Structure formats: C-alpha cells, structure tokens
Amino acid sequence: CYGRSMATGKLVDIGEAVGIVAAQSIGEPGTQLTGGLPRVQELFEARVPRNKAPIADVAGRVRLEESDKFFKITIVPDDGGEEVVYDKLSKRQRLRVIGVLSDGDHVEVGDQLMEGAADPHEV
Amino acid sequence: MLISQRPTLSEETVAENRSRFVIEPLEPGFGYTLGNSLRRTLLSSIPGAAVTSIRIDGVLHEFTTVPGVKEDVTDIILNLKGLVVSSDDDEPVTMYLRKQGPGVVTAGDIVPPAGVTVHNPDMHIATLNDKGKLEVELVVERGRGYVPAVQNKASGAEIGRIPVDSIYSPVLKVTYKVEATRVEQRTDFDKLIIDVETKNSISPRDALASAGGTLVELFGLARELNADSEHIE
Amino acid sequence: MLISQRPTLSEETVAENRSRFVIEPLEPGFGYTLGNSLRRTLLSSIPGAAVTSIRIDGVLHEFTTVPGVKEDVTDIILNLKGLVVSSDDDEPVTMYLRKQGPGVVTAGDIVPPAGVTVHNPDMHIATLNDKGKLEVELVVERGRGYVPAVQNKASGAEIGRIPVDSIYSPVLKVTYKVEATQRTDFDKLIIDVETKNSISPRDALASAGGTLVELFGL
Amino acid sequence: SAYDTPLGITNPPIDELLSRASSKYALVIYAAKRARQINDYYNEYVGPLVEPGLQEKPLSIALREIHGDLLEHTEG
Amino acid sequence: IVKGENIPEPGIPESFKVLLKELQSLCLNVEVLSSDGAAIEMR
Amino acid sequence: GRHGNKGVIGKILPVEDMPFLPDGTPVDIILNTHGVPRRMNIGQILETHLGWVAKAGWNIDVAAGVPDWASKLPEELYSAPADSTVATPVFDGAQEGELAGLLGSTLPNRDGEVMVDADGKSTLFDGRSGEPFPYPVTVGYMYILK
Amino acid sequence: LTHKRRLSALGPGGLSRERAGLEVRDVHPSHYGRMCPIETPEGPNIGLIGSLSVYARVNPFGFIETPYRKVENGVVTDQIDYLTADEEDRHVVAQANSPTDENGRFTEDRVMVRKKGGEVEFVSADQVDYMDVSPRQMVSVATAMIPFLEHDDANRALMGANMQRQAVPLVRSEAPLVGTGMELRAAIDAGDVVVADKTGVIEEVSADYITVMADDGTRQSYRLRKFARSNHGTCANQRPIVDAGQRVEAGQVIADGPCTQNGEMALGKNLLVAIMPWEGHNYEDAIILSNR
Amino acid sequence: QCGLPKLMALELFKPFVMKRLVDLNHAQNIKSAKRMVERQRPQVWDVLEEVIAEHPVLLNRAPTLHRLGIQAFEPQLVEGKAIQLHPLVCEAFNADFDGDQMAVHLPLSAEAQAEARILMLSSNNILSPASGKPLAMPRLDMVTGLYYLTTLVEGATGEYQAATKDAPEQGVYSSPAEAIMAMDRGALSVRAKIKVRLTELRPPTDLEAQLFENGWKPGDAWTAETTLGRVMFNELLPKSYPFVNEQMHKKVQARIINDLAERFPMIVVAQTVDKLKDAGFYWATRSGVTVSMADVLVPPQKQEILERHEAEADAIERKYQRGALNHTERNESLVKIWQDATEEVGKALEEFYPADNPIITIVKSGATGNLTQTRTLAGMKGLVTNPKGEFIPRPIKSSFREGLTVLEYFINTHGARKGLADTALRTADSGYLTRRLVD
Amino acid sequence: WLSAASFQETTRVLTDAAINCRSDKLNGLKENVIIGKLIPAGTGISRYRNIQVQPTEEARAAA
Ligand SMILES: [Mg+2]
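Residue numbers (the UniProt record's numbering), protein chains in the order written: chain A, 977 to 1010, 1027 to 1090, 1098 to 1122; chain B, 1 to 233; chain C, 1 to 181, 185 to 221; chain D, 24 to 66, 74 to 106; chain E, 1097 to 1139; chain F, 878 to 1023; chain G, 440 to 731; chain H, 440 to 878; chain I, 1221 to 1283.
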C-alpha cells in the first residue's frame, strides 16, 4: 500500500517509519513557503477555512441571483426534490470556475460554488 | 644544504601497453611541479617514427570514396594512423602496399624497405570487395610529439597527395594526479600517480627512463651554471 | 623530422639582484611546463640564510616594551623579519647588536660573527632616544623554505629566548614567458629570476637545476 | 558488474550485501551480532571464516563473511 | 573499550528515574508495572 | 568584506602554486565567482577595480582636453601616484564612467608592461601546471576583515 | 563607537522583545536622518535595535533632531536649523544633491523634495523651505563606512555593517586602500586613538608614553595602552605615529589605536584578489589564501 | 569520507587509542596510556590512524530538517582545526561554508557502527526521501564546469569541415587519445564539433542498432560526431551506459543521475558522481567565468523605454491631476505601466547579453541565480513595496550597476527589511508545524 | 499518556490521566525513547532484533 521508498527506489522496507519521514518531507520545505504556511497549517489543523466557501449539497442545475452586496445560489435538484438555497454570498468572494459559474450550469454533489476554501468538515 | 628522505619510484602494470607509476613520498608541493613536466616529456619529447603523407592509386580529385572497398577515404586514413613501425632512416622513406582480389588487407601485406619494421602486422587497413585491387604509397619520417597534418607550400604540386596527422611518439595517452601521505611521520606529503598507455614500439618502463634522461640532461643547462647549490640523493 | 640543435641556455643581466635567463630551442608546448617547473622550485627550495630566535636582555617575552625605544618588542620582531642574511653555516651561530644613546638602529648596527654577513644594513630596526638602550643577540640558522617559529617548549630553550618565524628564501619574485621558435615552430622560454641579494640569480637557478636534476630518476 | 573498486567502508557494496538478507535493517543485526561473536573468539566462539585483513575490525570481517555467503541466519 | 570487550547492554536513563520522582512529588502515583509482577522499584 | 560577503578559509596554498600575474606576483585570495552575482553586493567588484587603481596609480586623459567622462567631474584627481588611497563617500562616490577611464592606467609593474586591462582583468598563470588560464580573469585589491 | 549611539526599544519601561509586532520594526519615513535604517541585528532583534544617524542630535526633551539648511526663494542659505520630527512634517525638505548655481541657488528647473507623508514629490524651486545637509544623513557611522554603499542591496549592507564591528585588530593594522569619508573621523571620536589637546612640539616619544611641550608653556603627557586585554579578548595595543622633533597641532593624532593607521579606522588589510573559481577549493562561499 | 581534525579525532577516540598503545607496548599501564594521549606524545598519531580505520562517525548540522541532516562518513585524519566536508553533501545538510559548524558523534556498539555503515552512510543516501529526486547531484561550480565541458562552439579551433576536393575530411581522429595530443597542442578545442572513432565507449540506442545489432561494442570501434569534451564527459559515466552527446544543463544532469539510480547499483552512482565532481571543478576553473563591471551589461533601449513609460505615467498622472481620474486607479495604473516596463527591460536585457557572457552562463546552466536577479543588477530593480504591504507607485529606475539614489535606497530597505524579518518567523512557525506533524 | 504529556499542555494531560487512572503500554516510539527502550521501528522491530546468526557447518569445515 505504501509503495516505493523514495530513497531506495524500491518497495519500502518493513522496518521503515514512514510517519516521521512524511512529517519531515512535509515540514522541511516549509522554510521555502511564502497561500502559505498559514494555509497549510489551516488544513492540517482542520479549522474552518479563513473565508468559507459553500459546496453543492446535491446534483442539479443552478439558479443564480444577485442582490445588493450579496449573491443567491439555488440548486434545483435532478430529483427533482426540495430546492437548496445558499443565502448570502458576499460578492467579494466571486465564484468558482468550470469558465466562471453562470445561471443554468449543472453541478455535481461535491462541487465548489465560490472561490475560496471549502470547509473540510462540510465536505 | 639539502638531505631528505625519501623518494621512490614504483610501477603498477595495467596491460602490456599500459602501466601506472607512483613516486613516494615527495616534498610538498613537488607533485604539481614535476608531474606536469613529466606528462609533457613522455608525450612530446620521445623519438619515434610515424606516417607523414599518403597517396592512393585512383584517388586524385575525388572527395571521398574507393570503389571495391567498404572502407572509404576517411575511415582508412584513421585506420592507417594506428600503424606503428620504427624506422631507422631519419629521412622520409616510402613503403608500398599493393593488393588485389577479394580479401582483407593488413599491416603484414605492406613490404617495408630495409630499415623500417612494422610492429603491428595484424592491424586492419581495408576490406576488399569481390574482384578489387588497392594501391597505396606511405611516407614515413622520424620525429617527435604530435605533428598535425602539414600542408606546407602546401600540399601543392602533388596531385592525390594526402597529408595525414602524424602521431610521432610511442605514448598515445598520459595523465597524472596528486595524493597525500603519510601516517604523520610525513604529514600531507605529495604522491604522484602517472598513467601511461604506450604503443608496442617501447614499453612503459622504456618510455619513463627515456623521459627521465631527456629531462635530467635538459636541466643540466642550469646546473652547469654553478653546481654549488644541491640537494639530497 | 627530428630537429636536434641541443637546447641552449644563455644568461643575461637586468639589475644586480635579478637577471633574465633564456633557453632555446625546445619542442612545441614546453616552456610553460618547463618554466613553472623552475619557478615552483625557485620560490621554495633555495636554501638560507635566516634568523631563528632572538634574546633581549631587558625583556623576558615578546609582548612588553623597552624603555626609551619607540617600537614595542613585537613591532621590532616584525621589522627584524625583513632581515635578509646569508651564512656559510653549518650549525647555529649567534649575532649581536648593542646600541646606546639617541639615534636610529639598523641592520648595519648588527655585528655578524665570522662567516656570516648582512646584505641590507640600510634596514630600520628601532628608533632610540636619550634613555633608549637596546641589547639583543640574534641566532642565524641554515635551511630552506618557511619554518614557523619553533616554540622553546618543543626546543630546549629557556624562558628568555624569543622564537621567531624564519623565512629562508633567497629568491624574491619570479616569472616567465615563451615565444614559439608559422609551421616548423619550436619553443624558446625566458625566465626572469630575482633574488634578495643573498645570492645571485645565477647561483639560485643553478641551485634549482641541481636540486631539480637530482630529483628526476629512472 | 564493473563499479570500479570500493574503498574502505563502501566495500563490499550494499547491493551485493542486500541480496543476502531481507532488508537493510536485517543486514544490520546480521553483521552486528556476528561482529560481537568474532570479538568474543579473540578473547559465541567461531570464525573469522574468511582470511582476516591485517588489523581488520571484526564488523568489517563479518561483512565480508556475509558477502561470501559464509553464514546463514534466521529472522525472528 | 579499554579492555576491548563488547560494549554492554544499556540501562535506565537517570533523567527518567528523576521524572517519576518529580511526578510523585505532585501526588501523582506513577507505578512501573511489568507484564506482571506489578510494581517495579527504581533503585 | 564591507559588503556582506563572508566566508571561511577553506585552503591556503604555497605561494608557489597560486594564480599569479605576468610579473610573477601571486594573488593572495581567490574568491568564487558564483557567490557574487546573485547576492546584489556587486559593490565588492567595484572596489576590487578601484583597489587596483589606487594601488597602481594612474594619469589622464589629457592632453589635449579632458575626456567626456571626467567632465562631471574629477577635480585635481587627474593623476595619483602608485599606492595612493582613495575615498568615495557613500552617496556621492566614483561613478561607473569614471571607473573605466581609470581602469586603463598605469604601468609598470617595474618594466613598462601593464598587468590589468580596461576590463579589470588579467591573464593568470596556474602555479600548479604552469600553463596560463584560458580566459582573462578579474584581479584587483579588496579590503577584507578578519 | 556604535555600542554607544545604539537605541533599543526593549528594557524596563518599554515593550518586551516577544510581544512587539513588526510594525515597530519597520522603518518609518521619519527615521530619515535620525535613525539609520540599514543597521540592525539579523537575529530576532531586527528593528528593535538601531544606531543613531551621523548628524542626528538628541533634544532636551528626548526627541531626535536632524540638521537642515533652510531654503528661501530657491536659494539655500548658510542657516542650519535642527528640527524635530514634528517640525519636519511641517515643511518641504529639498534633496541633498540638487544642482548648485554660482553663489548658490536652484539651478535645475525643479527640486527633489520630501513631503509630510512622508510622500516624495517633484516641485519647482518655488515652494521649498529646507534642504538636506548632505547625503548619508540617514546613514549611521558603520554604514557610512561601506565604499559603494549605493550599489549593495540593503540586505547585504546590513550584514556588512554588522561585520565591520565584528573584526579584530591586527598586529600591523593597515588602512583601507579604497575608503569612504568616515574612516578619519570615526577613529578619533572612538577614543582609541591618542589626540593632542594643545598645539606644541614633542619632547619625548617612547613606546611607553608621549610628551608634548605646548606653545602655552604647559606640559602634557599621554601614557600608551600596551597589549591591554579587551572585553572579549582582542588587543588594545597603541603605537606612536610621531617623532621627537615633530610639530603638532591641537586635535591631531599622536598615536595609533588597535585598528587605526595614521588616524583612520583600519579594520582589515588590502589584499590582491582573483575572482576565478579554483579547483573546487573556494566553493559555496569558501575562500583560499596565499601562504604569504 | 570526511576530514576530521586530528586533535578532535584524538579526544573522540581517546579510550580506544589508550587501549591500542597498551597492546603495542608503547605504554606499560593504563595510567601511562592516559598521560601519553593528553601530552600528545608523537607515538599516538600512528596509533590513531589504526583505531580510526574503517570506524565511522555521524555528522550533523543544525537545524536537522530531514533525516539526511545526519550522515555517516569514513573519518580521515586532517591537519588544522576545521572539518573537511564533501562538497556533494552540502545540499542535504544545507551547509554554507560562510562559517557553519557541524557536530561529530562516534557510534560505539557493534550495532551502532553497523547502522552507520549500512543505514546512514553518505553514499547510500543520494536521492531525497521525499521527491526521490537526486540530492548529491552536482550543483553550482560543478554545473558550470560540466556545462562548459559539454557545450558546442560553432567554428572553434580544429572544427571538422569536412574537406572537399583537394583535402580529406580533416575533422577526424584516430582515437580519443589522439584528440588529446591535438588539444594539448593548439590544434584542438574541447568544445569543437569534430567526429572521432571510439573503441571503449558505447554508442546511443538508435545508432547502436544500425551500426551493430549483432551485437555490441565491448572492444569494437565506431564513429560519431561530438565535442571532445562530450567524449570525456561520457568517460565519467559507467562503461555500460549509452553515449549522451548533449550539453549538460542541471536538469539534463538530473535526468541522467536519476537514470543511473534506476538501472545501476548505488555504489555505481556513488562513484559516477564522484567523477562528475572532479571533472566539473577542473573545468569550472578552466571555464573562464569571472565577474567585472564590464561583464555587467545594460541594454541601451533602457533609456527610451524608461522615458516611454514616464510619459504614460505623467499623462495618467496628468489625468489624475485633471481631477477626473480615480486616485486608486491612477496609482493602480502606475503599477501596470511600470510592472509591464520591467518585463521589456528584462526582454531587452536578455536580448543584449551575448550567450557566452559569464553572468548569464551561470544562470543558463542552472548552477545558480535568476533572471529576476540579473534584472536588478543591470536594467532596473523595479517597483518595491511599502511596509504597509502595498506597492509604492514610485519605481526604482536605477539598477545596482549604476547605483541607486538616496531616496531610491531609502525606499528599497522599506520592503527589503520586512522580507528579512519574515525569514525569521518563517523558520519559527515551520518548525512548530514540523513538530506537530512528527508527533 | 506520557507521549501526550511531553507533547503539549502537560498539566492538563497529567491531571486527566491520573483521574482516568491511565496505563501506558509503552508501544509507541516516543515512549520508548523517554525510558531508553529500543523504538519499535527499523532495527528495533522484533523480527530483526531477534535474528540468530551462526556460520554454516559447510563454513566451519573450511575453517
Ligand atoms: Mg550559514
């Protein structure tokens, strides 16, 4: 399951402690990380993202609406079941890209609705 | 004045052609000082006979080719550059190689004039296609070092005259390195490793002593000035 | 195409301390390897002619001053480094220097024993005033190269002796150059040898060759 | 294979040693115990199954022994 | 090393013995148990 | 040096085998070329050139007139003897134009030959093999602290 | 000399090294001519420690002032007025080097100026009030000692200043072949050099002491520090640069200090340098030396 | 191997030698042995070399980031008080010779020495155990040394022609040993285009099938066209390896050494790289790479380009001076005007530099440096950031070649310091992350 | 529990451990480091450290 040892170039040996090696392989370049160590730390610590971005709750076409200062996204499920609404999306975050999401685009169960960092707990 | 202890000269034999030589210990920094002069004395200074110019029958204004042989003009010249024969003439002598019919020519088919002796008969020269003949003249003059092909005057009047790069000296490759001894009786002393690949004319030991003498007497020009100051033996 | 006109080494003169030397002819691609082979040996193995230790009555070590002398003992040792001496040797021999009253001390004021000489008496050692008195003996040994001061804990010396770094190098500055001999080109190199006046460029190049000749063997 | 000639610690080559044991870790205990075994003899008791070098260190010996397949081992 | 014998097997680090003592001084009862026989004494 | 360039002494060679100028004058320090370009300390190369200027002296540039570069302008600086010391206050120092003009100047070692060109380079001879180094190398005098 | 003149934000009555953020470490526009921006520690003291600038001067109330030359109607006077940071935000500071005209006045059509932003601007000679006393007002003493400073990135310059104060006195103490202004005045103001306070002539010169007979009829003598051990173990040895007969003037330099030669700071030696890479010996910042 | 200061070695091994010189009768009892080592009587040195032989030691440099920060070597007694570190392990240790120090540790028990020789030995750890890429691979000097070796120069000395009419080809050599005799004389250039017969090297794949295909060239002779250096380069690779015949960038060197690890034992790669080192240095010095105010070139188009955007700036600034322009837009516009010009000067600069210049060769070969770096040296350093983190619309028009100005310099440090402060807290946080990953 | 204590929030950890009356099996490698045991990884794993070595009877013959 682990696969080849990057050092030997062959199947990993049975003694190898790959956790420590993973820890070091990840942290060593951290000095070169200038969207950086804060984002990395954000991921490994599983905190809710800096600017939360919503993910599709279900599959269906998307109805886009622009309020004043906000965005409204509604997913009409292919069920077709209960419509699913995403209430106030600050226009500062814009939207994710396929190009940029537009009214009528289809969406699968996991897709990211807006540029940002999806809450890992939510996914 | 000077006494020091102690240098010695030993040799590891890699092949009948090749030998490695090492001198231990030197006094720092004498490795760099002499070693580069030795690579030169063996390479450029040793008397030996080599081919100078050649002309083939049937090649005059043609660029490269020889009907009846798979080897072309260029391939045969460098094929011939490897010919090793010690000549006693001191003046250019023309040997002759003439052969016909299907067959493979070798350095044994060439008839040396009296005083020139070919040291590598098995040497391959050309492959003769079915029903073919080859005629070649070879100019062999003594010399030293490596003298690139000379067009002087230049090749000039002679039509079909091909000057060739002449490897005059027996030793075709040499290199040196420097390492340090010792166990701290002598700490960081220099050890010189010299790598000599030789042609069958002379052995490595012969080419070393030849360099030794040509270099020793060479420096006699300076020692004759006084002889007062000296060193250890 | 053997060209044998045996190498010719002819001397020259430029100044009294240095003289050019020329050797012709030589096979192509030589003078460099042959020139540097002499320069390397000249800048190192020419024997001397150097001062090992020194003793000054008043001072027990290098780091004090002397009454009335302008230079501290360490800045005086530095000056005495520039001494260019020469000795028939063998075995160590002590020189002597004593000067009183104002003036300026120089190498001329050094009284050498029988069999040694000081070749730049013009050299400034220390400047003394009415109270200044300098009594110092110097030990000249013979050798070659650069030998760092031998500490008297390693030697058998007592607390008084000041060991000093010793430079035995008759030769001062050395260079060379070559000029080929067009086809048929040979090589002729000229070497420029300068000495400190402890020996002539002739005698040193003789030393180098003599030292360089004995080394090549087979 | 021509790798030229290994000097000192690099002889014998790991690769030729790793064919004599399951992993690099096994190779360590393999040679390691044999070395403690040799040193005892100079005062288990057996070996130097190979011809000792002049001053050769027991660990260096045990590695040569392993290279020549002069000993077998059983993993735990 | 001075007798050229084999290097012996290691013992317990003194710092660890100290840690147990420092935890005891906090009213933390720290026992080192074997597979059994239960409590081992550091001494 | 004063520019932030630092390093340990990795080796010290017999004065016999060192890059040495045509005079037979050995160089004291050999600094690696690679550390220089990426560190933005290039001032250390300037003072390496000026260092050679100040050590060897120089002349104008006159007559007939004063050249275009000196016009902005070195004053009484037209000539300095060998070994004279220079001062380039930080934010008004010597300027690139003025360096080149000075870089050619002045012989001799002793003999009338010149040891450095208008590029601040010279042909060094390897004191090891005795043969020259194939390309012209930058030489000069740098101020380095212990 | 830089240890005095150091100003640090740590200590009792000030913030701790750990708590203070990078806003205090950044250089402010008002540091100009007061606190040298190019000089601070590389460690995690960066920006908390700095050295007072060359012409900077402290106010009786504790605010740093910088010298300026006031300009009126496109003409820079000889009036030199020391202004605090508050009164500098009040006016327009002309650039130190702007072309000078005959008896002096604005030559260049327009003037380089600093605003109260501080935000730089280009306006004609019309609106200026004060001008800079000279370049390197912003620079500190050690910084002002880097030849060709303007060509080196602030990163390597900082390292360069720090390492000058890291050098050690040599026995010989040779002065820099290519220098800057400060070497002269930084050595005398350091106090490690022997200066004469009255014009006169030298009665005696010994390694131990130097006496001068003033024109005043008074007699001054100076005992020389000899092989004195310094705080960190360097050598404070001094040497006389004068001879018995010599005439001398007030404020002149009688004897050299540990790092000085003939009155100017000598922190090192002038060496013949070759910038070629050499046989993998000087590599990765390593250096090779002549056994000389 | 590693250079170990003999004084340091003596103390490290003290109990070992104390035994040895009691075994040999140098000292009668252990007490005498101890004094013999302390006073450093000359007999001990020969003894030290005995005990230290094939007895490994661990070398560490702090901070230790990956396990490669500790490696075992074979100690060699060295004069002086410094430590001689192989130049190919700098990468792993991140070792600067600016005065870094390193710790030495002496493994004692048989198991510890085994772990050193087998697990941690220098030559068995080559590839990074993260990306698998090679680490000990040549770098810096060794790049430019080989890059120069393998490069091909149009119209160099001895260039094969090939001859026509009255002359044969003229660019051909009996053997590689001949092209050397030609190179030592002024005839041949190492970077020349000549073709040669090679008995002892191995041709490529395609040219292998067409020439032999029986078949192979174990002792056989064959001819290809390459630079003399490219020949000597391939003499460094294993005899079994095919003939590459390229000029070696760093990446090209990475390709090959990556390939040696897949197809060959480690010992082979260990020795191959050792040979790349020796060659790369010899030719890095013969490379003729230096730096000079002269070798720093500036594009002449910089002036016009500079004043070209000066108008666009003062005009867009003229549009803001008119009052219509949005202040944030005018400043923002100055960013785009100047940011763009910085590329043109980069484009213009790159276009100016002859390909053999020493400054560009360093960056081209991948040894060290950037173009962004060589853009600030000559041309323009470009826009810089205020401490607030924004972009100061005032560009630095000068480059560090012409020198910056009082205000140009004061502005640069504004940002340049904030970066050097970051580098401080980037190791403090990165290490705090690594400690959590590890746990 | 001693692995957690050495990591962070030592006081919080020790207090919860003493109340839960926690027993640490000393399986992990950090625990074995603290007490000086052989970490259960690499050469310290059972299969490797229990290796038994003897020369082949064929080898002993050649002596
Ligand atoms: Mg460092």
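Beta carbons are placed, not taken as given, at the ideal position from N, Cα and C, and that holds for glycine.
Membership of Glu756(H) in the alpha helix (DSSP H) is indicated by the continuous run 741–760. Residue side-chain check: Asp539(H) places its Cβ nearer than 7 Å to a non-hydrogen atom of ligand 1.
Beta-bridge annotation (DSSP): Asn709(G) is paired with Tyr1020(F).
Going by DSSP, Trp484(H) is part of the alpha helix (DSSP H) stretching over 482–491. For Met652(G) and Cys698(G), the gap between their C-alpha atoms comes out near 28 Å. Chain I places a beta carbon closer than 8 Å to that of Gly991(A), counting this residue as a contact. Not a single C-beta of chain F is nearer than 8 Å to the C-beta of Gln540(H).
Contiguous beta strand (DSSP E) elements confined to the stretch 645–711 of chain G occur at 648–653, 658–662, 692–695, taking only those with 3 or more residues. DSSP, read as helix, strand or coil, puts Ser201(B) in coil. For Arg915(F), the closest C-alpha among the options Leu810(H), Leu843(H), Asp539(H), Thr852(H) is that of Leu810(H). About 6 Å separates the CB atoms of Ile619(H) and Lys173(B); that is less than 8 Å, so the two are in contact. Cα atoms of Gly35(B) and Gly35(C): separation of roughly 13 Å, rounded to the nearest angstrom. Close to chain H, meaning a Cβ-Cβ distance shorter than 8 Å, are the following residues of the stretch 922–951 of chain F: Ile922, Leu923, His926. Nearest CB-CB separation between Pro958(F) and chain C: not below the 8 Å threshold. The alpha-carbon of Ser562(H) is positioned some 10 Å away from that of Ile37(D). With contacts defined as CB atoms closer than 8 Å, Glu62(C) and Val73(C) qualify as a contacting pair.
The criterion of a C-beta distance shorter than 8 Å is satisfied by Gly31(B) and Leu192(B). When 8 Å is used as the limit between beta carbons, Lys173(C) is near these residues of chain F: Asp900, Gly901, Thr902, in chain order. By the CB criterion at 8 Å, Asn79(B) and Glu91(B) fall outside the cutoff. Taking every protein chain shown into account, the CB of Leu984(F) has fewer than 16 other CB atoms within 10 angstroms, so this residue is exposed. Cα atoms of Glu230(B) and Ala211(C): separation of roughly 8 Å, rounded to the nearest angstrom.
Put simply, the CB of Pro28(B) is far from chain H, with every gap to its CB atoms at 8 Å or more.
Any Cβ of chain G closer than 8 Å to the Cβ of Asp57(C) would place that residue at the interface, and such an atom is absent. DSSP places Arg636(H) in the strand class (E or B) of the three-state scheme.
In the structure shown, the three-state DSSP call for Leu522(G) is strand. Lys1064(A) is a Cβ neighbour of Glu1057(A), given a cutoff of 8 Å. Contact annotation: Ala947(F) and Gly978(F) have beta-carbon atoms nearer than 8 Å. Counting along the chain, the unbroken alpha helix (DSSP H) around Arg40(C) starts and ends at 31–45.
Between the stretch 44–58 of chain D and the stretch 547–562 of chain H, the count of Cβ pairs shorter than 8 Å is three or higher; the stretches touch. When C-alpha distances from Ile776(H) are compared across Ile799(H), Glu751(H), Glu756(H), the shortest belongs to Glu751(H). For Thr815(H), the enclosing alpha helix (DSSP H) stretches over residues 810–816.
For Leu1035(A), the nearest beta carbon of chain H is not closer than 8 Å to its own beta carbon. Between the alpha carbons of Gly450(G) and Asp528(G) lies a distance of about 29 Å.
DSSP places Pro67(B) outside both helix and strand once states are collapsed to three, so it counts as coil. Setting aside the 5 residues that flank it on each side, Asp734(H) is surrounded in the same chain by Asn796, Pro797, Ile798, each with a C-beta closer than 7 Å to its C-beta; the list follows chain order.
Per DSSP, reduced to three states, the secondary structure at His505(H) is coil, with no helix or strand assignment.
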